[PDB]
Amino acid sequence: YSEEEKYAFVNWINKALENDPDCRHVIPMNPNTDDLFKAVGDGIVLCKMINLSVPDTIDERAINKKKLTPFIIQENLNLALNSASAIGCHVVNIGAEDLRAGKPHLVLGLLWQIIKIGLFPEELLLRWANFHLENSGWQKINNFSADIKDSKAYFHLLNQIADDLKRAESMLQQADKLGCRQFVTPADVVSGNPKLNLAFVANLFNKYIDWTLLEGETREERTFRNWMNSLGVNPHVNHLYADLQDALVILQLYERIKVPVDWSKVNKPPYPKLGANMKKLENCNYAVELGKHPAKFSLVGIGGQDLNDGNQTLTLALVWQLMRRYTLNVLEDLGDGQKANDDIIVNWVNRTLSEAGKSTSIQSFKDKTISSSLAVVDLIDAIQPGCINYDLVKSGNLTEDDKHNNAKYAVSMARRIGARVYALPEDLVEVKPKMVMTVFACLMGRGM
Amino acid sequence: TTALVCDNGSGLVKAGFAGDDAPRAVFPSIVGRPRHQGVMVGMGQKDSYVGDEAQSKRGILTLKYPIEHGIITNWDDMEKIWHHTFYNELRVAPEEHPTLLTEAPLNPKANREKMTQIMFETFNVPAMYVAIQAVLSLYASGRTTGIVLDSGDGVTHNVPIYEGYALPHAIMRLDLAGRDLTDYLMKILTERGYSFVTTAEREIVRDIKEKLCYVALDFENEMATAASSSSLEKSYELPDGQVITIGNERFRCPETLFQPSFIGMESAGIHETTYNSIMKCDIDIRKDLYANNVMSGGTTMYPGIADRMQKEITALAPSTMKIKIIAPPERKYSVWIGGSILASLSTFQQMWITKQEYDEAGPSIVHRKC
Amino acid sequence: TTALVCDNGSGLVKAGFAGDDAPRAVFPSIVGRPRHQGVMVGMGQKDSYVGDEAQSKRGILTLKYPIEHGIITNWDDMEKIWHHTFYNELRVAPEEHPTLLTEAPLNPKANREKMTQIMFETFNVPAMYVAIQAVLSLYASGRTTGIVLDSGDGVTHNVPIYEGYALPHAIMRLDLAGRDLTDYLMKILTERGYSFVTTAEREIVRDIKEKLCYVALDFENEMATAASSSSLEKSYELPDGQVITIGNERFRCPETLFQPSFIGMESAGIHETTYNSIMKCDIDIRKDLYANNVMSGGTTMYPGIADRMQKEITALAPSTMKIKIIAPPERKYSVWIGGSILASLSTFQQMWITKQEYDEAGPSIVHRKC
Ligand SMILES: Nc1ncnc2c1ncn2[C@@H]1O[C@H](COP(=O)(O)OP(=O)(O)O)[C@@H](O)[C@H]1O
Ligand SMILES: Nc1ncnc2c1ncn2[C@@H]1O[C@H](COP(=O)(O)OP(=O)(O)O)[C@@H](O)[C@H]1O
Ligand SMILES: [Mg+2]
Ligand SMILES: [Mg+2]
């Protein structure tokens, strides 16, 4: 015969009874176990229900700390069932003698009274669920539990993003596309229980970087362009000697290295047809002026016409000093002051990993153990436990060529967690001590 | 939303939802209370057992039926049973469902008023209705003409209907049913030395009656057969493993339906009561009543009951009439089935007693609307 | 602080704290006094011996038991045993600990009132309670339903329990236990020429009974086996170094439990007493009592006692019932274990008789609280 028929009932009861924070110590934690019948028959949930609005009531260990002997375990059933003033079992027909063992109809319906009186990361994936609520113009629900408190605003925005058993379909319509019908009962869809709407809408939209090599680019050029893209300048810099000619990107970089820019002196990218070359020349002159005096760069024999004309030697003379300044800033802002050091930051990964305990450890940035991404992927989830993601990682079975994939994987999601890594995967695959140190510094930026 | 159909019998409670083909909850209409000393700490602070749970722990309980002869005699235990049927066995909130209740004919008027007050003030159901059980038994058969013989645990009654019209002057009621056959079986079981005396033992005798009793087609021949041979003897095992044997008591118990003098009553049998109900009707409709004798209730489930009623009424009819007995296998739930049919009719939705009407006319509104 | 559990048996005293799994103190319930002239200097200075000191010096003492057949007959010696229990074996101040005492059923009410007065006035306990020994044996086992057979030094009693309810009308009590078996062994040992006549020699015969006696599964062929062959004979060494041998008395002594007529008693055996206790219970609980025969007390430690009870009750039950006897190895301390068990429960901490309650109702408060 049927090995299972009612796990959905366990889920339904959990959904509806999560109104009381402590009821899950008797009813299942939403895994569809059978712990409900015996402890509910003792009436423990009846005294639990007082914790719904005011936790300052009958504590779980104050009523029952197992002062029930190994062989006469009679006592607690009356001590907990006598507390049915809360919610109230209409069915004045049963009680402690029968609920000692329980009965299916009796339990199902006393639970019916329980249901009758029982009711009166996540945001990163939730934004792709709420972006459509803007429509012509309105506030966003975020999760269906925080903003909305009644069906008024919920239905008003549902009109733009389009018996409770049929009303829940109005919200599940966006879930119908991937079959997410069950495990979210209509009672809490309408009531907006928080923890259920968080994970349900987050997991629903979970499925909702340029590492190419050009035909003629050196590693230095690729690193410059990679940090151009990683730093978040508004134009997507593809060619260094073709996008900086307006100096607008350089002025943006100046802001990122904490050099002030007066944009009133800067000619906007919408240049007039007349004099656009002169406007760009003025911008390049201003960029050179901001690079010489306040940025303190050695730019001998460099003028604004050189950046306007894209002189590679003088432009590299500026972008490498930009690297130098930005890296210095990244090393200093981790400190309490102007100090920068490598051995006070290389042991940080070794000691912060002890908070979880994993077999990765590194003696210095020249260690060969960081040739694969194992050390960075180990550190990258220690501060953010929500990004464990050991699906694509390789361990012991990696070769020379396949570790590039896990290196790119770790570098890519480092920006997802919030580490502003501006390193190429090759800079991590090779033991380049001047760049993996920066990778660790950026990971520590979000770390502490 | 969906109307609730609750057929509160004397012995069993039948409950469910309108539109369903069978009642969802069928449990005994009893209340049990402890009869012995509690000695183990906080085992025993439960005061009342009611449903099948009162039947499983009956060895330490005194069992009370809140309904006798179709009259609710304990209104607090009846409230316990209604609470039980709404929340535990049906599992619904009554404030969201109109409720359909049943009742025997010729009953006291205060019984109907009290159940109306209970449904509107204790459960405050949005609407309700009280219907006659034999009328619902006609609905379950799909007919609109025929005489219904309803026999449950406490009351046996006859109601003739023609083309959808009742004849109230020909309605007949007999206060003899299954519970009286149980008590008579207990009385005659002592002739073999089997003694049953507690309310828990009455449930055992009821089980024996439901498993071994039958209606003789000719009582005097079955009596001579049992007096000659043991071929009618049958055995039953008691809950402690004792084995009892009965032969003659198997049919002497249900024979009381045809001979109420066994239990000292002066009333006529169910066959004569049915015939007398037909002879009180217009002579033009008697032919159609003779062809449509509908039985319902658990007491009409004995083997041979339809053959005996067919033969007895044939012996009473003018011979030229064609006697027909209708005895569907679902006889035990015809009242509930007909109540779900009636409560699912769109035309019935304006027959509900609403709470607004009750708030103005009080409990007396049930006599007008029903 | 913590509750004390003192199981004052007839022959042995079991005491300890609630929450422990075994009694901390287990000593004979005796008082010894010198019977010979004090010819050695300094040795005569002690007038009374209580615990194991009375047993080890019994060669120069007369031993008395303050309890016979579960009734305290010497109260000053019982107070000596209680002071020895609290101040020498447990080494606790009774004024700081609630104390749980035990008693047999059907006992005189004055025994329970006097021990309540003794605990509140002589020992000034903050609270106390008196529990039935057979109920505590269920508290020891794993069960809220079952019939308990308790057999210690003075009393054999049966208590049937279902769902934590006792049936007092079915409680049985027999004044035949271990001390009577020892006295019978003393009598039958004279057939081989051994004599034991002083109170010290009674303790020697008790050691022989506890070491060489067993229950025959069939007494008549064991009698024939011992009459033909010698294989049943076993030897025992007396304290002076003499050696005695028994090969028939080993099972004739414990047979008195099943055949009380060996000592002139008219009463039925423990198996028939258990069966009659079950047959006084309601017929709906007998199947659950037949499957739960709990053995308790030191007299239930004979080899083969459970097998013989299984065979005899099976010979009495309706064959369809599954007879089960439960005989845990800790049977000797089931009552004490159950007492420490009950005294630990937080739901029980309001059930204690407090001294303030006793200051109002006097010693009669024990009949209401317990
Ligand atoms: N197979 C059967 N044979 C004989 N009697 C029966 C059988 N089944 C049920 N009964 C009897 O019919 C009654 C069942 O209750 P029911 O017919 O529902 O009456 P009510 O509606 O008043 O509770 C009881 O008296 C029961 O003993
Ligand atoms: N293994 C054994 N075999 C036979 N008799 C025993 C055994 N152990 C104890 N007894 C007897 O049981 C009695 C003690 O049991 P107990 O339950 O302590 O009685 P009480 O509680 O009344 O003192 C004594 O008569 C003792 O001789
Ligand atoms: Mg009925
Ligand atoms: Mg004892």
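All positions are counted from 1 along the displayed chain.
Each Cβ is built from the backbone N, Cα and C atoms, and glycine gets one as well.
Annotated features in Swiss-Prot:
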DOMAIN    A:3-119  domain 'Calponin-homology (CH) 1'
MOD_RES   A:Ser145  phosphoserine
MOD_RES   A:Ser170  phosphoserine
MOD_RES   A:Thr212  phosphothreonine
DOMAIN    A:218-327  domain 'Calponin-homology (CH) 3'
DOMAIN    A:339-448  domain 'Calponin-homology (CH) 4'
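Projection of Swiss-Prot feature records onto the structure.
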| residue | record | Cβ within 10 Å |
| --- | --- | --- |
| A:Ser145 | phosphoserine | 19 |
| A:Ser170 | phosphoserine | 18 |
| A:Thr212 | phosphothreonine | 8 |
Task: Sequence order please: the modified residues A:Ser145, A:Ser170, A:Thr212 that have their Cβ under 8 Å from a chain B Cβ, otherwise just none.
output: none
Euclidean distance between Cα atoms of A:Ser170 (phosphoserine) and A:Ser145 (phosphoserine), Å: 15
Task: Over the span of the domain 'Calponin-homology (CH) 3' (A:218-327), count residues by DSSP class, listing helix, strand and coil in order.
output: 71 helix, 0 strand, 39 coil
Message: Can you tell me the CA-to-CA distance separating A:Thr212 (phosphothreonine) and A:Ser170 (phosphoserine), as a whole number of Å?
response: 45
Task: Could you say whether, by DSSP, the residue listed as 'phosphothreonine' belongs to a helix, a strand or a coil region?
output: coil
Query: Should A:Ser145 (phosphoserine) be counted as helix, strand, or coil on the basis of DSSP?
result: coil
- request: Give the residue counts of the domain 'Calponin-homology (CH) 1' (A:3-119) per reduced DSSP state, in the order helix, strand, coil.
  value: 57 helix, 0 strand, 60 coil
